[PDB]
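The structure appears below as structure tokens.
There are 2 protein chains.
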Amino acid sequence: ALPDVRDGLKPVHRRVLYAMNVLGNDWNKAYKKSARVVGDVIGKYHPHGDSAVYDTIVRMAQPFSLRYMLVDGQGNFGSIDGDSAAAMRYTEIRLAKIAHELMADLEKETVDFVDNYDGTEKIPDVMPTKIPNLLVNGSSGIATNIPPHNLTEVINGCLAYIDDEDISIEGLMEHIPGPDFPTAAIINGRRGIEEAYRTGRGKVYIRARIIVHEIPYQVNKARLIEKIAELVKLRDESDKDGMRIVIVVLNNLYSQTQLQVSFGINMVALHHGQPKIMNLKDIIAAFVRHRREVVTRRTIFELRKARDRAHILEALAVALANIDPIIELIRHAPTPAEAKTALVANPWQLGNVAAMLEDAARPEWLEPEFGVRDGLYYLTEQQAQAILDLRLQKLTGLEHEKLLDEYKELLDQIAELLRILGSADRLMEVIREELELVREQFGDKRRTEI
Amino acid sequence: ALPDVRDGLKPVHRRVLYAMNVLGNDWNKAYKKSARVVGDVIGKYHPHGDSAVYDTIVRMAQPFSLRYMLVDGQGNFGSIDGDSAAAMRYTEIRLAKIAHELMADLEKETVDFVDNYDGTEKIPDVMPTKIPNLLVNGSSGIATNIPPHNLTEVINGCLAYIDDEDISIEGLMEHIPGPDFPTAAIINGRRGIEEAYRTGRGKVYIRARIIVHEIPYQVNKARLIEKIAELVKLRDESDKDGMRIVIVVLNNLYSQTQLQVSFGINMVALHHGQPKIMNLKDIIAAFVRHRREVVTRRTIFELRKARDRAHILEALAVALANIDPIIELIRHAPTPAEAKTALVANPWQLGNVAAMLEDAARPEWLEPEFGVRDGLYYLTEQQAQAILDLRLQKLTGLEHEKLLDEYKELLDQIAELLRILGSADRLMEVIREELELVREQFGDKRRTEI
Ligand SMILES: CC(=O)O[C@@H]1[C@@H](C)O[C@@H](c2ccc3c(c2O)[C@H](O)[C@]24O[C@@]2(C3=O)[C@@]2(O)C(=O)C=C(C)C[C@@]2(O)C[C@@H]4O)C[C@H]1OC(=O)/C=C/C=C/C=C/C=C/C(=O)Nc1c(O)c2ccc(O)c(Cl)c2oc1=O
Ligand SMILES: CC(=O)O[C@@H]1[C@@H](C)O[C@@H](c2ccc3c(c2O)[C@H](O)[C@]24O[C@@]2(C3=O)[C@@]2(O)C(=O)C=C(C)C[C@@]2(O)C[C@@H]4O)C[C@H]1OC(=O)/C=C/C=C/C=C/C=C/C(=O)Nc1c(O)c2ccc(O)c(Cl)c2oc1=O
């Protein structure tokens, strides 16, 4: 019921986006019918059959609901007049490009996973988000009430915090002057913004921009129009190219109608598994600390993966340099178990890959009796099984070359990853550069006037 | 909305059972949560989110609903008193053993498949059922109304029809004297049974077996009890070990209460894509004709599959008999494309598999320039790619032996399949023997007294 402070998501949102990721329902592939994603979420992650899962998909696609849409939707996803989306069998969805940034590096052991409801699947506890989504898209529930914000502004605030962790709320507000609604309009109550940013709680007012061009966030246009007719105890000329409501009285309309509304900001989020009231700085610090954890864990993962792969490739290169005796050995083995034991029994000469093979690339788990030792290769059982799994086409010149090239590139990736892990400065710089690139790729203009 | 005469299923039932088959949710594996199957059905086959999919799962598991349950359910699936099943996240299901007979040989091109709703999946149009499910489990909908029947009886009727296609309705009724309800009780109206079997339509009456031990099919026990209290302008002592309702008056109760109900038999099913009223003989003939189509198509499929596999294995055996020159060829090939062209360029000597290799096993699509020709093997490109895909462990003695043994068994399977396809007598005998085995494995005692 409360969003996680780190990714801004509640469980239902996270389960939806996760299912889309697992489906490969990517920004650069064909749309899928909404029903497919709904069915996957219901069966694997959120085993309830009411309207919440599809409702969440629909909200995440509506440009009048989310400041940065997380779902790219095609078809009828409803309108600001409150009409419903078409049924899930008709609408088409895929991940928005920015949703890939929310889930960047999820496959790289960057976040803890928890059991799904039947213990057959894992689900991330939180997304390894590059986007400060809690602030930029906001959240509500009945309690928390966090308005959306401009991504450029929020990223600038994160970077200012990284530069000076003692930055004041006033300092942060030089970069983040207030909320930014997808529906634009006007905010009127600067003290309310400051009190929210300082304490977590502050009430602000949102005013429409007689011709009405923009209305407050979360106001239903058709209901607004009916409300005006009822108080009159007007035409809607809006279209695809923008909103246009046609109607002294204006101040009166602002006084008794949703042409002005209050927004009670109440920044409550899950923080270390507990609900907590959080100010602007708490929220930014939590996001930054999350980036530190993610990037560290990612770098460790990549280093491990690269060493593991390089280790398998060493075996393959040695076998392919010793192809005749390898074949002679396997052909005379009664069974695959005996071939594997014969492979590991006696070390192998390195041949023309000697220079290429001769500590940085050794997996940390590899005991000292294995690997290159005195110009000879001592294979593990796993390495022997990889030789036994080699297809005959890997003996052709090009496939042999590709393996050697892959090994060489891994050696360079490993040296680089060690330099990064070994340097707090490098690691912090990766974090910053990632934020800055997010700003360059996805940052847009402010819409709401403060 | 109407069941297919051949499998007795409506689309929703077929989509449920199909999803369970695709999931591998088999009788001899662990139960899965109902929600998983629901989610898969909704996402892939039946993209509507109301109660129908789960309701269908629940009905198929209830021993008071289906004469032969198609779902094996564990947990609370509701009762004859009309209480609801527990929610889908709590109940556990797998296919009943007999449901595997309903879908036997589905993977062997035995039935036509149709597009699912988004054109990303195939769904069978009908199941290749060994079970005459329309009769044994019945159907209803608002119209068709077909009561359930005893499997032993119905199979005996099918076999009697196969022996004499001119069998009369009276002849069939020597094997099938009437319906058989899962809830037992008593049928009172033999003319109604005969008129239904002769014409498709007949009305019959079902009577409870004061102590009530059995009640009519589709009667809710709790509602029956309330109905008796209302007319009285009694205790339920039923338990896990059987039904027991405790209450001259009896005849009166039979006259004004569901201790007796009418069942209007109306045997309407889909037949060649059209709704048709069908008599007993029409229904049996349709099932038998379906078995003829299935077994023919299955036999053709197996023959094709076996020839295809044998053809790939011939290439592998020849390569493994020529392992040195094969390796020399591939090692000196600049790329896998050049290795493949070199493999196919020149025919191969047969070596010690000559006797084993030397028309019955040739795929029907294989042009005469390929295969064994004058003691030499001419490879296709596909066969060359299979050699290139061979893992080094296939050179060990045991893996080499397993390949040769597989080829030998395929040769014998192919000779047998040709004998069957070539003989209407053999083919009809397979059909009969399959029915008889169904009767032996799944046949049980009559429950309802006529
Ligand atoms: C507290 C509560 O509501 O409990 C519900 C309970 C009463 O009912 C459960 C339920 C309903 C119906 C059925 C079921 C249920 O469990 C049987 O599971 C059932 O599915 C039912 C069936 O009908 C069957 O009968 C049925 O009828 C249909 C189907 C398909 C299946 C079934 O045959 C069988 C099955 O057993 C769902 C259950 O819901 C849950 O467990 C969890 C709900 C989570 C909702 C989160 C909503 C979030 C909204 C939200 O965040 N608003 C947002 C914002 O304000 C918001 C603001 C800013 C912003 O940026 C964002 Cl992104 C925002 O995003 C937002 O989403
Ligand atoms: C004619 C009709 O009823 O149309 C329905 C239409 C009115 O409503 C459709 C529908 C309902 C709800 C929703 C939807 C629908 O399309 C949105 O698809 C929706 O799912 C809805 C949502 O709530 C969402 O809002 C929602 O609220 C919940 C979820 C999870 C998804 C959504 O957020 C979004 C989604 O767009 C379903 C739609 O149903 C169908 O298309 C097909 C229904 C087939 C039913 C077959 C029942 C068979 C019973 C039967 O055979 N009885 C049996 C016997 O008597 C019987 C007798 C003997 C025997 O042996 C057997 Cl086996 C027997 O078996 C039997 O089954």
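Top to bottom, those sequences are chains A and A'. A prime marks a further copy of an entry chain.
Mind the numbering: the first sequence is residues 33 to 174, 179 to 245, 259 to 282, 292 to 305, 315 to 425, 430 to 521 in PDB author numbering, read in order.
Mind the numbering: the second sequence is residues 33 to 174, 179 to 245, 259 to 282, 292 to 305, 315 to 425, 430 to 521 in PDB author numbering, read in order.
Beta carbons: idealized from backbone N, C-alpha and C, even for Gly.
Is the beta carbon of residue 34/A sitting closer than 8 angstroms to the one on residue 180/A?
Within the first sequence, numbered from 1, the residue matching residue 34/A stands at position 2. Within the first sequence, numbered from 1, the residue matching residue 180/A stands at position 144. In this structure, residue 180/A lies closer than 8 angstroms to residue 34/A by Cβ.
Given 7 angstroms as the limit, tell me if residue 509/A has its C-beta closer than that to any heavy atom belonging to ligand 2.
Numbered from its first residue, the first sequence carries residue 509/A at position 438. No, the beta carbon of residue 509/A sits no closer than 7 angstroms to any heavy atom of ligand 2.
Using the beta-carbon of each residue, which ones in chain A' are nearer than 8 angstroms to residue 464/A?
Position 393 of the first sequence, counting from 1, holds the residue named residue 464/A. Here the neighbours are 397, 403, 406, 459 and 460.
DSSP three-state label for residue 253/A', please.
Along chain A', the last residue before the gap is 245 and the first after it is 259, so residue 253/A' carries no coordinates.
If the criterion is Cβ atoms closer than 8 angstroms, does the pair residue 501/A' and residue 362/A' meet it?
On the second sequence, position 430 is the one that residue 501/A' refers to. On the second sequence, position 295 is the one that residue 362/A' refers to. The answer is yes: Cβ separation under 8 angstroms.
Tell me whether the region 382–391 of chain A' and the region 444–455 of chain A' touch, counting them as touching only if at least three CB pairs, one residue from each stretch, are closer than 8 angstroms.
Contact holds: three or more Cβ-Cβ distances are below 8 angstroms.
Is the distance from the Cβ of residue 326/A' to the Cβ of residue 264/A' below 8 angstroms?
As a working mapping, residue 326/A' is identified with position 259 in the second sequence. As a working mapping, residue 264/A' is identified with position 215 in the second sequence. Yes, the pair counts as a contact, with Cβ atoms nearer than the cut-off.
Among all the DSSP beta bridges, which residues are the ones paired with residue 415/A'?
Residue numbering aside, residue 415/A' sits at position 348 when the second sequence is read from its first letter. Paired residue(s): 448/A'.
Which residues of chain A' have a Cβ atom closer than 7 angstroms to the Cβ of residue 297/A, listed in chain order?
The count along the first sequence starts at 1 and reaches residue 297/A at position 239. Per Cβ cutoff of 7 angstroms: no residues; residue 297/A is ~31 angstroms from chain A' at best.
State yes or no: is the C-beta of residue 329/A within less than 8 angstroms of the C-beta of residue 241/A?
Here residue 329/A refers to the residue found at position 262 when the first sequence is read from its first residue. Here residue 241/A refers to the residue found at position 205 when the first sequence is read from its first residue. Yes, they are a contact pair.
Mind listing which residues of the region 330–350 of chain A have their C-beta closer than 8 angstroms to chain A''s C-betas, in chain order?
Within the region 330–350 of chain A, no residue has a Cβ that lies closer than 8 angstroms to any Cβ of chain A'.
Kindly list the residues whose CB is nearer than 7 angstroms to the CB of residue 276/A, restricted to its own chain and excluding five residues on each side of it in sequence; keep chain order.
As a first step, residue 276/A is located in the first sequence; it is residue number 227 there, counting from the start. Once the five neighbours on either side are set aside, the close Cβ partners of residue 276/A are 324 and 325.
Answer yes or no: does any C-beta atom of chain A fall closer than 8 angstroms to that of residue 470/A'?
Counting from 1 along the second sequence, the entry for residue 470/A' is found at position 399. True, the Cβ-Cβ gap to chain A drops below 8 angstroms.
From which residue to which residue does the beta strand (DSSP E) around residue 12/A run?
There is no way to answer for residue 12/A, as the model of chain A reaches only from 33 to 521.
Identify the contact partners of residue 120/A' in chain A, using a Cβ-Cβ distance below 9 angstroms as the criterion.
Here residue 120/A' refers to the residue found at position 88 when the second sequence is read from its first residue. Chain A residues near residue 120/A': 74, 79, 80 and 81.
With 8 angstroms set as the bound, which would you pick, yes or no: does the beta-carbon of residue 71/A sit closer than that to a beta-carbon of chain A'?
Numbered from 1 along the first sequence, position 39 holds the residue referred to as residue 71/A. Yes - at least one Cβ of chain A' is within 8 angstroms of the one on residue 71/A.
Closer than 7 angstroms, Cβ to Cβ, to anything on chain A: give me those residues from the region 124–152 of chain A', in chain order.
Those residues of the region 124–152 of chain A' that come within reach of chain A (Cβ to Cβ, closer than 7 angstroms) are 149 and 150.
Within 7 angstroms: the Cβ of residue 171/A' and any heavy atom of ligand 2?
One-based indexing of the second sequence puts residue 171/A' at position 139. Yes - ligand 2 has a heavy atom lying nearer than 7 angstroms to the Cβ of residue 171/A'.
How many Å lie between residue 63/A' and residue 116/A' at the Cα?
Here residue 63/A' refers to the residue found at position 31 of the second sequence. Here residue 116/A' refers to the residue found at position 84 of the second sequence. Between residue 63/A' and residue 116/A', the C-alpha separation is close to 20 angstroms.
Output needed for residue 207/A: all residues of its chain with C-beta closer than 7 angstroms, excluding positions within five of it in sequence on either side, in chain order.
The count along the first sequence starts at 1 and reaches residue 207/A at position 171. Correct list, in chain order: 196.
Residues of chain A with CB closer than 9 angstroms to the CB of residue 65/A', please, in chain order.
Translated into positions along the second sequence, residue 65/A' becomes position 33. Ordered by position in chain A, the residues that pass the 9 angstroms Cβ test against residue 65/A' are 75, 79, 149, 150 and 152.
Taking residue 129/A' as part of the beta strand (DSSP E), name the residues at either end of that continuous run.
Translated into positions along the second sequence, residue 129/A' becomes position 97. Per DSSP, residue 129/A' belongs to no beta strand (DSSP E); it is in the alpha helix (DSSP H), 129–134.
Measuring alpha carbon to alpha carbon, tell me which residue in 160/A, 441/A and 100/A is nearest residue 183/A.
Here residue 183/A is taken as the residue at index 147 of the first sequence, counted from 1. Checked all of 160/A, 441/A and 100/A; the closest Cα to residue 183/A is 100/A.
If you reduce the DSSP assignment to three classes, tell me which class residue 268/A' lands in.
Position 219 of the second sequence, counted from the first residue, corresponds to residue 268/A'. Of the three classes helix, strand and coil, the one that applies to residue 268/A' here is coil, per DSSP.
So residue 164/A' and residue 194/A' are in contact, right, with Cβ under 8 angstroms, and what is the actual spacing, rounded?
On the second sequence, residue 164/A' is found 132 positions in, with the first residue counted as 1. On the second sequence, residue 194/A' is found 158 positions in, with the first residue counted as 1. Yes, residue 164/A' and residue 194/A' are in contact; Cβ-Cβ is about 6 angstroms, under 8 angstroms.
DSSP on residue 372/A', reduced to helix/strand/coil?
Residue mapping note: residue 372/A' aligns to position 305 of the second sequence, counting from 1. Residue state, collapsed to three classes: helix.
Considering just the uninterrupted stretch of the alpha helix (DSSP H) at residue 323/A, what are its terminal residues?
Numbered from its first residue, the first sequence carries residue 323/A at position 256. Its alpha helix (DSSP H) spans residues 316–323.
Is residue 409/A' close to chain A, meaning its C-beta is less than 8 angstroms from at least one C-beta of that chain?
The sequence position of residue 409/A' within the second sequence is 342, counting from 1. So no, residue 409/A' is outside the interface.
Step through the CB atoms of chain A' and report whether any lies within less than 8 angstroms of the CB of residue 400/A.
Position 333 of the first sequence, counted from the start, is the residue given in the question as residue 400/A. With 8 angstroms as the cut-off, residue 400/A counts as an interface residue toward chain A'.
Which bits of chain A does residue 390/A' rub up against, with CB to CB less than 8 angstroms?
For this step, residue 390/A' is matched to residue 323 along the second sequence. Result: 394 and 398.
Bridge partners of residue 240/A', per DSSP?
Here residue 240/A' refers to the residue found at position 204 of the second sequence. DSSP, once it has assigned bridges, lists 330/A' as partnering residue 240/A'.
Look up residue 342/A in the DSSP assignment and give the residues it is bridged to.
By 1-based counting over the first sequence, the position of residue 342/A is 275. Answer is 337/A.
Indicate whether the contact test is met: 3 or more Cβ pairs, each with one atom in the region 475–492 of chain A' and one in the region 482–492 of chain A, closer than 8 angstroms.
Not touching, per the Cβ criterion.
If you compare alpha carbons, which of 397/A', 414/A' and 413/A' is closest to residue 406/A'?
Within the second sequence, the letter at position 339 stands for residue 406/A'. Among 397/A', 414/A' and 413/A', the Cα nearest to that of residue 406/A' is on 397/A'.
Which residues of chain A' have a Cβ atom closer than 8 angstroms to the Cβ of residue 467/A, listed in chain order?
Position 396 of the first sequence, counted from the first residue, corresponds to residue 467/A. What residue 467/A touches in chain A': 397, 398, 400, 401, 402, 403, 405 and 406.
Can you determine whether any heavy atom of ligand 2 sits closer than 7 angstroms to the C-beta of residue 88/A', and answer yes or no?
Here residue 88/A' refers to the residue found at position 56 of the second sequence. True, at least one ligand heavy atom lies under 7 angstroms from that Cβ.
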